[PDB]
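Colleague: This structure is in structure tokens; I'll ask about it shortly.
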Amino acid sequence: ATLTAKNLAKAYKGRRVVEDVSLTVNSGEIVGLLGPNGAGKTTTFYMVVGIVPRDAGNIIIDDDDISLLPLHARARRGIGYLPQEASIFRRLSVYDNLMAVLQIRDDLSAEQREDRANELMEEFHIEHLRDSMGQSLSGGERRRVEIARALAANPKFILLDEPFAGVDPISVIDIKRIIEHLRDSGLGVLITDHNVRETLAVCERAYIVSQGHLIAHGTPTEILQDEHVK
Amino acid sequence: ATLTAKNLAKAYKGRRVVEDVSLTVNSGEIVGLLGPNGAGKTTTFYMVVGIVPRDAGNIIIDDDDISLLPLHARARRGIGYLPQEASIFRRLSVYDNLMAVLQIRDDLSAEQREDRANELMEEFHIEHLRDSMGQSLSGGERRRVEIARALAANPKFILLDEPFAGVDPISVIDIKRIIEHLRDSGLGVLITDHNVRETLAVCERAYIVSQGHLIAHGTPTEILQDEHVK
Amino acid sequence: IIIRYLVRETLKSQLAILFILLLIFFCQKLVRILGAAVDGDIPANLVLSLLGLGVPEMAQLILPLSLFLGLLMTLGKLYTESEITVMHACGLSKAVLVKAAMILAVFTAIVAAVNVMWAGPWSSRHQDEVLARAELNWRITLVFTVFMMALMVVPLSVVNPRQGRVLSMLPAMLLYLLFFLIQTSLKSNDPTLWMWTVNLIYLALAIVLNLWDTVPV
Amino acid sequence: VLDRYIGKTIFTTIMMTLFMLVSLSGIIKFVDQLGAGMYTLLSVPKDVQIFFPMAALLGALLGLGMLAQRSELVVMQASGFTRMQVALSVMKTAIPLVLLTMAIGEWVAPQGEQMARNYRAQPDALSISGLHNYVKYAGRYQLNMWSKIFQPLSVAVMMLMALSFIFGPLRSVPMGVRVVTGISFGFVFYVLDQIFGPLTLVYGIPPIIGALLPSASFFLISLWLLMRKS
Amino acid sequence: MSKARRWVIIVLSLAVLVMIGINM
Ligand SMILES: CCCCCCCCCCCCCCCCCC(=O)O[C@@H](COC(=O)CCCCCCCCCCCCCCC)COP(=O)(O)OC[C@H](O)CO
């Protein structure tokens, strides 16, 4: 019910961009991860997921070091992920897209392939679209199915990647409902985004890196004081 | 010295985007063009600086119908565009970069042409370096140079295209000093953005685009008061 | 200055597309001294000057292609980084690109002239020896190509960035191949020199397509 | 099932990149007249013996590209699958294709090619079966015997070549270079099958496996790309 | 794309593609 990735370091052809970074999340929290661009926002975050491999340290989820193990079994281990842009399968039916992850759930039976399909379909109030092509949705409607194809993998800790990345600010009030709803069931959500003065309204630890160094952390009220964070 | 757009429009594939656009600028004011995504911020802004063809309307600079004139001619009349992404000259010296603007500046004689650029490197604080290839510059130091290019062509109306394009907020107040500095020298500036929390601090009067209309004829104080803003 | 910015860089990629093109046509000829020497009675150890000093059979054919596709590739890098449209939105017009294309074409048209007259019989009369009307008039419609494709490729360099680079430079490479293949079928054929208007139509297309936005309706 | 999705996507293009490309080489066979002769309508599958495997890459990488750079392959990655399980899916839909080019080597194509030259009245390829024990007294026909047994094997190697450098070097690139690299490794089979036949026939003292080597050098490359980087 | 850009690369390519067969 707790991951920890200690002492994360990474170099690009003999050039250090991330070096000795550590963070602790628990179950039931939203933890931000901010900073300046090109300095350790993504390269720390993409190495927790596993798109880029590590160079040192240990990524531990419940006393189980998964550091040698890439992304192709971390979703089976309990780490969810979803990209920055449109990632609906966009040739397939929505109901078929929703149980697409449910087929690789080999501890489950065939009558339960309707159970976690039909429970999770009517959970997000999108059950009126059982037959729909992939390129027949909108920006406030694509995102709600894309979240739904991440709870279906049954993860412990989902890791978003800048969800509000090009929406108008009188529409981020409904994304924050989805973030709190995932926060409601106890699964931890670690996000990284560039607009700093928007994600501080919904976050609870908010690590901040720069130049591949941990600088300040803790809580948002106890972080607006330091000289080094300016 | 006053742009006056009147009744702009655009249509393709039997579908319309732009109707009834009548924005103006003046010498010494910072005019926003904020709004939602895809509803016609970009198509209106590319209509003023005609990368896209005009279908209807007219734009004038002191009774000079320059609407049919392409980007060849609007540089000769007072319009200076600034692109979104990294638009520096790639592998060429920074002092040599300002000189390439000053070839076709034939009203200004070519003996202060090597002298005004000596003065012009001073005020944007770039004269720390004078010979450097454009590869080895960062996203903040280069931002003070792309502005210096179109400023060297001596326009009346600089035209910016999202200078708040996802940088750290300690560099927002870096750019905010530049915009308040180039409004002092009589230059009107139109600006588009999606960072509307930071656009409405540098502005005097804004506009809006909601699928064609103009619902924002006035000041930033009339934004927290008006009802049809949703 | 800004003319010097182009011709120091297109010639930095002229030579790079040259050597990858001079090597890709050895392996369509060195095949033909192994795939034809066992099939069409050509000896074995004569290749050292047959493949060696056989190069004006091909180097009269790739200098108008390497100057063309060298210039096209280095304008595709120059539009998609939006370095054209901060230079275009300054005072200088489209003519800076066209004036630059002629200067880099002189450094090829001199080479295409010295090859076609002086380094031709250096192999055709000092290496055609073993050591072991039918007029062609194709040498003038090959020097004239070099000052012609460079004049028309600078308006055909748009990239319209929703579509990719390779699809953007498709109607240029495919239009050069149409021009540079009539001029072999109209060499083997017999109304010869009637193909001089074929050289003149795409010169008129080189003027029509170059200025198509300065003019009114 | 989404294993019936990647296989459907590959089989969508591997016919579509074939029918466009064979008929491109069909309309170029209006050379015999240089008018009622349907000589090119009658010798269609004679090209599909050899004009198929270079379309078995361009098309298994064209169509899988628009499955990958729509940010979709890194979702099935992060939702339970292994890198091997997606490699098993193209081989689940290679076996309806290697058998389909096995059929034209015996039944379809040389039956019409027998009457190809006969219909236009005013390497001695016959079949796999009839050419077996035809060369009993060896020679060049023993090579083009042994070339034609596992010429259909190269199609199964080809979709393992196409999937090889879609996980390695060539993934974060635009769609245009996936065709040029998708054709330069397809054009190179012309300059490889048409030399190492006469190489081994002249110089190669193992005269039997001179045709295995073109379909062997595109297997060492595929085992290097997916067993060295990670 | 455009209304003409998906109509030039069909006609002009076809004039290339038939012209190879003249001297093949
Ligand atoms: C027998 C063959 C000999 C020559 C064949 C010539 C065929 C056509 C001549 C060359 C046309 C292709 C040259 C480049 C095409 C467009 C490049 C360009 O400048 O941009 C646009 C130019 O527009 C066109 O492509 C249309 C040009 C011709 C329209 C149709 C052809 C008319 C030809 C008349 C007679 C043709 C007879 C045979 C046809 C080949 C096209 O893209 P866009 O308009 O979507 O975006 C750019 C925007 O327009 C910028 O302003």
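Numbers run from 1 along the shown chain.
Cβ atoms are placed via backbone N, Cα and C, with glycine included.
Reproduced below are the annotations present in Swiss-Prot:
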TOPO_DOM  C:36-52  topological domain 'Periplasmic'
TOPO_DOM  C:74-99  topological domain 'Cytoplasmic'
TOPO_DOM  C:161-165  topological domain 'Cytoplasmic'
TRANSMEM  C:15-35  transmembrane segment
TRANSMEM  C:53-73  transmembrane segment
TRANSMEM  C:100-120  transmembrane segment
TRANSMEM  C:140-160  transmembrane segment
TRANSMEM  C:166-186  transmembrane segment
TRANSMEM  C:192-212  transmembrane segment
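Show me how these features fit into the shown structure, please.
Modeller: Away from its own ends, the topological domain 'Periplasmic' (C:36-52) comes close to residues 26, 29-30, 127, 130-132 of its chain (Cβ-Cβ under 8 Å, at least six residues beyond either end).
Distant neighbours of the topological domain 'Cytoplasmic' (C:74-99): 2-3, 6, 9-10, 13, 151, 153-155, 157-159, 161, 165, 168-169, 210; these residues of the same chain sit at least 6 beyond its ends, with a Cβ under 8 Å from one of its Cβ atoms.
Residue counts of the topological domain 'Cytoplasmic' (C:161-165) by helix, strand and coil are 1 helix, 0 strand, 4 coil (DSSP-based).
Here the transmembrane segment (C:15-35) has long-range neighbours at 42, 47, 50-51, 54, 58-59, 62, 65-66, 69-70, 73, meaning same-chain residues at least 6 beyond its ends whose C-beta is under 8 angstroms from one of its own.
Tertiary proximity for the transmembrane segment (C:53-73) is limited to same-chain residues at least six positions away from its ends with a CB under 8 Å from its CB atoms, namely 10, 13-14, 17-18, 21-22, 25, 29, 101, 104-105, 108, 111-112, 115-116, 119-120, 122-124, 127, 142, 145-146, 149-150, 153-154, 156-157, 169, 172-173, 176, 180.
Remote same-chain partners of the transmembrane segment (C:100-120), defined as residues 6 or more beyond its termini with a Cβ less than 8 Å from a stretch Cβ, comprise 3, 6-7, 10-11, 14, 56, 59-60, 63-64, 66-67, 71, 139, 142-143, 146-147, 150-151, 153-154.
Sequence-distant neighbours of the transmembrane segment (C:140-160) (same chain, 6+ residues past either end, Cβ-Cβ under 8 Å): 60, 63-64, 67-68, 71-72, 75-76, 78-80, 94, 97-98, 101-102, 104-105, 108-109, 112-113, 116, 168-169, 171-172, 175-176, 179-180, 183, 195-196, 199, 202-203, 205-206, 209-210, 212.
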Colleague: Just give the helix, strand and coil counts over the topological domain 'Cytoplasmic' (C:74-99), going by DSSP.
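Modeller: The composition, in the requested order, is 15 helix, 0 strand, 11 coil.
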Colleague: In this deposited model, 129 residues are missing between C:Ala132 and C:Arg133; what is the Cα to Cα distance between those two, in Å, rounded to a whole number?
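Modeller: Once the 129 missing residues are skipped, the Cα atoms sit 34 Å apart.
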Colleague: To the nearest angstrom, what is the straight-line distance from the CA atom of C:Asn189 to the CA atom of C:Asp190, with 6 residues unmodelled in between?
Modeller: 5
Colleague: Would you kindly list the residues that approach the topological domain 'Cytoplasmic' (C:161-165) from elsewhere in its chain, counting only those six or more residues past its ends and only Cβ-Cβ distances under 8 Å?
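Modeller: Result: 76, 80.
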Colleague: DSSP says what for the topological domain 'Periplasmic' (C:36-52): how many helix, strand, coil residues?
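Modeller: DSSP composition of the topological domain 'Periplasmic' (C:36-52): 4 helix, 0 strand, 13 coil.
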